[PDB]
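Enquirer: only geometry, no sequence info:
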Ligand SMILES: *[C@@H]1O[C@H](CO)[C@@H](O[C@@H]2O[C@H](CO)[C@@H](O)[C@H](O)[C@H]2NC(C)=O)[C@H](O)[C@H]1NC(C)=O
Ligand SMILES: *[C@@H]1O[C@H](CO)[C@@H](O)[C@H](O)[C@H]1NC(C)=O
Ligand SMILES: *[C@@H]1O[C@H](CO)[C@@H](O)[C@H](O)[C@H]1NC(C)=O
Ligand SMILES: *[C@@H]1O[C@H](CO)[C@@H](O)[C@H](O)[C@H]1NC(C)=O
Ligand SMILES: *[C@@H]1O[C@H](CO)[C@@H](O)[C@H](O)[C@H]1NC(C)=O
């Protein structure tokens, strides 16, 4: 692995795959296998009617070209696509377990007061055999502490033994939320007031719940899910997030849907309860809107941002890789970057300038002992009004050659 | 490759993956890629209405287990599955092209008087209009023949010229046959004219069937054309589902034995225009049959009956070939993978239990990591259930004749 800053486009991404939009996408990659999901909506990606959800699993293989390829092996379609939301998948023992939420009022985040917190599970098999292939589970027993209702809320989690750990969130009513507004860091911020951080824990300032991210534990040995909650350090609103394991040490990514826009990732120290030692990263941020744009550090009352995760290639030098959007206040300019917290080593755009691309999921691995990365980017066609997930594969160079 | 007869099951097959039946299956395998097709019928496989027809291509790959696997990459469903019939596929330059017949009166073979000849082509890209192109073929040159049609699972390429297995429907009023050539030398009960009446479906069928090729040339890309090629008189047998394929750089032909000549019909093609095959005088491998033409029959009788059970030439110098055959004189059952010679079965392995019923078998072989592997589509039945499902067995051909 190259560890040297250069402006050379040594990276070469290779794309590897009527009136509708393909949205709410999922990507997990583990030990040769992968899981993906999306929602086919007819019309507006934010408000369109649902056409069909799919969840699939498959294998990650190379051909003679020693380039990874997606090969779907197992696919499930729910008989109603209007009801499945916020799927998260973790891989254990030749099976991929996709934990979804069920709703009759739409997205549990936006009509959150009204949602009876129904969960479920879909286990699909990475290699099908002619219920091994496909099992559904209506989860009924959930342990969530003070939280009024919990929910998975991220693309992928991890296994530890027979215990899965999905990225999840808890909706704690803000009457019971414990926060000293003295801790809200407005020391250098002329504009910031004290209570923003607390009002920044929900969708509205007058949202009824706050959101706190964490994990959902599922111990296969024993079936019951246990909500775990994220540590106070660097506390921001419950957001789509992802736990994954690199080099045998687990790492957490939280998307930055509120004022703290610099990227939130770092090694998890403990998993019960969830403590992450966040990186002091000063180069990778997120595109916001008018109120909380890229690189903002001052506590304001906003909910806005896009999930653009990254993945840790080298621990000792902490080199990491992800697709980020190089736009302040807009979803334009997708870019694949390999970076260090105070420095960006090298990059390559993945589109043209006005290209709009809202979300990016990124998992990396060894293909024949070469470090490759698969990135899902929610790119739009130039005419637009359609979001189509596009999968780029990118080899991480070992030399810093020409 | 082993070349020593043994009763040892050194062969080890590995299966490699609402109210319906999966019938009329297709398999082609070429240079790492594969084509498959089937018809999903609701109910009786013979008389059932059809739900879906899938024409797919994909890649044949191994994982860490060094075993081949199917990986679908491109799939097409026609908007009406009641109208598509007898597809055959050939692979050229990153495109797999499948040639189908179109009918509004059902299977052209069984209602040939009422069938207008309509032909269509589907090209699928094996690594995705590049992905999927349809063509309604309008220009066909068929010589004396009243109507032609593809009739087999796969054919071969030569340059930009594809060669699909096909059949021609020549009305028997224009068929020229000296019944003196009908070989009844040793055959007590066998009359002279059977061979002639044996060239159709009925004795009183209005057409006969003659197998051959359809030639499509890419080089002359303008417009659409298709030229029927008939087959050499030697070992003439009714036009039947057949397959041309290339092994070791020489093309080989397999014709199914749907009439009295029940011993297997295969061998190297000498020429391609017009179609001459030097058939093997093969004495160990025959085809299950109904009462009139039981397996191992060699006497000319008036029958039309048999199952397509092809073989593949693993080794030309010793003519070692591999195929699945049905071990049943008068029933379709007892599917058994065999590797065999002209006058000797070398070694075998059953692929199911004794009553297991398996109507059809397609067999293509290749090198996976420089080892001789074979894929066999076997159209088997799920135990008690009537419905048929195609099952794909992968079988490694041993080089040593070990334990
Ligand atoms: C397929 O079509 C081409 C037509 O271009 C045939 O070969 C060419 O024929 C044209 C004249 O029709 C010549 O200009 C070229 O020199 C020919 N190229 C050759 C012979 O290589 C081609 O032979 C046809 N294939 C078959 C099997 O008939
Ligand atoms: C899962 O349950 C078994 C059953 O007693 C237990 O031994 C194991 O520790 C559990 N896994 C955990 C708690 O992570
Ligand atoms: C985005 O915001 C930061 C901080 O306010 C600023 O440095 C940067 O220049 C802004 N974007 C552009 C395009 O100038
Ligand atoms: C043959 O075609 C005729 C006339 O179109 C039709 O009535 C009959 O059902 C067909 N026979 C079949 C499909 O066996
Ligand atoms: C099938 O027929 C041949 C010769 O007509 C005979 O040798 C063979 O034994 C028959 N099969 C059975 C099961 O008897």
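Expert: All right, it came through fine. Numbers count the residues shown, from 1 in each chain, chains lettered A, B, ... in the order given. Ligands and ions are numbered 1, 2, ... in the order given.

Enquirer: how much space between residue A:242 and chain B?
Expert: Distance of residue A:242 to chain B, given as CB to the nearest CB, to the nearest Å: 27 Å. C-beta here means a position set from N, CA and C on the backbone, and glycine is covered the same way.

Enquirer: I misspoke; the intended subject was residue A:48.
Expert: Using CB to the nearest CB, residue A:48 is found at 25 Å from chain B.

Enquirer: who touches the nearest residue to that residue once chain neighbours are set aside in this structure?
Expert: Computed as CB to CB, 6 or more residues apart in numbering or on different chains, the closest residue to residue A:48 that is not its neighbour in sequence is residue A:41, at 3.4 Å. By CB atoms under 8 Å, 6 or more residues apart in numbering or on different chains, the contact set of residue A:41 is A:20-23, A:48-51.

Enquirer: tally of neighbours for the residue of chain A found nearest ligand 1?
Expert: Residue of chain A nearest ligand 1, by CB to the nearest ligand atom: residue A:64 (28.8 Å). Neighbour count of residue A:64, defined by other CB atoms under 10 Å in any protein chain shown: 6.

Enquirer: try residue A:375
Expert: For residue A:375, using other CB under 10 Å, the count is 25.

Enquirer: test my guess that it contacts residue A:361.
Expert: Yes. Judged on CB atoms under 8 Å, residue A:375 makes contact with residue A:361 at a distance of 7.2 Å.

Enquirer: mind checking which helix or strand the residue nearest to residue A:48 is in?
Expert: Assigned by DSSP states H and E, residue A:41 belongs to strand A:33-42.

Enquirer: and residue A:234, by the same measure?
Expert: Per DSSP H and E, there is no helix or strand for residue A:234.

Enquirer: please apply the same query to the one 10 residues further on.
Expert: Element membership for residue A:244 (DSSP H and E) is strand A:241-246.

Enquirer: who's in contact with that strand?
Expert: A:153-158, A:165, A:167, A:213, A:215, A:250-255, A:268, A:309, A:311-313, A:315, A:361, A:363.

Enquirer: restricted to strands, list those residues.
Expert: A:158, A:165, A:167, A:213, A:215, A:250-254, A:268, A:311-313, A:361, A:363 (DSSP state E).

Enquirer: tell me what whichever residue of the stretch 51-200 of chain A sits closest to chain B is bridged to.
Expert: In the stretch 51-200 of chain A, the residue that lies nearest chain B is residue A:71 (4.4 Å; CB to the nearest CB). Beta-bridge partners for residue A:71, by DSSP bridges, are residue A:59.

Enquirer: ranges for the strands of the stretch 151-300 of chain A?
Expert: According to DSSP state E, counting those that start in this stretch, the stretch 151-300 of chain A carries its strands in the segments A:158-160, A:163-173, A:209-219, A:225-229, A:241-246, A:249-254, A:264-270, A:275-278.

Enquirer: dump those strands to a markdown table, plus distance to ligand 4 and mean neighbour count.
Expert: As requested, these are arranged in a markdown table below (distance: least, CB to the nearest ligand atom, whole Å; neighbours: other CB atoms under 10 Å in any protein chain shown):
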| stretch | distance to ligand 4 | mean neighbour count |
| --- | --- | --- |
| strand A:158-160 | 56 | 18 |
| strand A:163-173 | 55 | 25 |
| strand A:209-219 | 56 | 24 |
| strand A:225-229 | 57 | 20 |
| strand A:241-246 | 58 | 23 |
| strand A:249-254 | 62 | 23 |
| strand A:264-270 | 66 | 19 |
| strand A:275-278 | 69 | 17 |
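
Enquirer: turn those into a markdown table, columns for distance to ligand 5.
Expert: Converted to a markdown table, those look like this (distance: least, CB to the nearest ligand atom, whole Å):
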| stretch | distance to ligand 5 |
| --- | --- |
| strand A:158-160 | 56 |
| strand A:163-173 | 56 |
| strand A:209-219 | 57 |
| strand A:225-229 | 61 |
| strand A:241-246 | 61 |
| strand A:249-254 | 65 |
| strand A:264-270 | 69 |
| strand A:275-278 | 73 |
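
Enquirer: identify the residues contacting the residue in the stretch 201-350 of chain A positioned nearest to ligand 3.
Expert: Relative to ligand 3, the nearest point of the stretch 201-350 of chain A is residue A:328 (3.6 Å; CB to the nearest ligand atom). When contacts are counted by CB under 8 Å, 6+ apart, residue A:328 touches A:287-288, A:293-295.

Enquirer: picking up where we left off before, direction included, what does the strand holding residue A:244 pair against?
Expert: When DSSP bridges is applied, strand A:241-246 pairs with strand A:249-254 (antiparallel).

Enquirer: give me the distance from the partner strand to the chain's centre.
Expert: 11 Å (CA atoms, centre = their mean, to the nearest Å).

Enquirer: for stretch A:151-168, same thing?
Expert: That offset, for stretch A:151-168, works out to 12 Å (CA atoms, centre = their mean).

Enquirer: quick one: is it near ligand 2?
Expert: Yes. Using CB under 6 Å from any ligand atom, stretch A:151-168 reaches ligand 2 at residue A:163.

Enquirer: please report how far the residue lying closest to residue A:397 once chain neighbours are set aside lies from residue A:395.
Expert: Leaving out its chain neighbours, the residue that sits closest to residue A:397 by CB to CB, 6+ apart is residue A:2, at 4.6 Å. Residue A:2 sits 11 Å away from residue A:395, going by CB to CB, to the nearest Å.

Enquirer: what sits up against stretch A:285-304?
Expert: In contact with stretch A:285-304 (CB under 8 Å, 6+ apart) are residues A:184-186, A:188-189, A:191-193, A:196-197, A:199-200, A:202-205, A:237, A:255-263, A:305-306, A:308, A:324-325, A:327-332.

Enquirer: need the contact list for the residue in the stretch 151-300 of chain A positioned nearest to ligand 5.
Expert: Nearest residue of the stretch 151-300 of chain A to ligand 5: residue A:220, at 52.5 Å (CB to the nearest ligand atom). Counting by CB under 8 Å, 6+ apart, residue A:220 touches A:92, A:162-164.

Enquirer: run the last query once more with 6 Å
Expert: When contacts are counted by CB atoms under 6 Å, 6 or more residues apart in numbering or on different chains, residue A:220 touches residue A:162.

Enquirer: try residue A:250
Expert: Contacts of residue A:250 by CB under 6 Å, 6+ apart are residue A:268.

Enquirer: which strand residues bridge it?
Expert: residue A:245.

Enquirer: please tell me how far residue A:127 sits from residue A:34.
Expert: 13 Å.

Enquirer: also residue A:382?
Expert: 28 Å.

Enquirer: what do you get for residue A:55?
Expert: Distance, residue A:55 to residue A:34, using CB to CB: 12 Å.

Enquirer: so which of these two has more stuff around it?
Expert: residue A:34 (28 against 23).

Enquirer: these two touch, right, the more buried one and residue A:61?
Expert: No. Taking contacts as CB atoms under 6 Å, residue A:34 lies outside contact range of residue A:61: 10.2 Å.

Enquirer: got the end-to-end distance for stretch A:314-322?
Expert: 13 Å (CA to CA, to the nearest Å).
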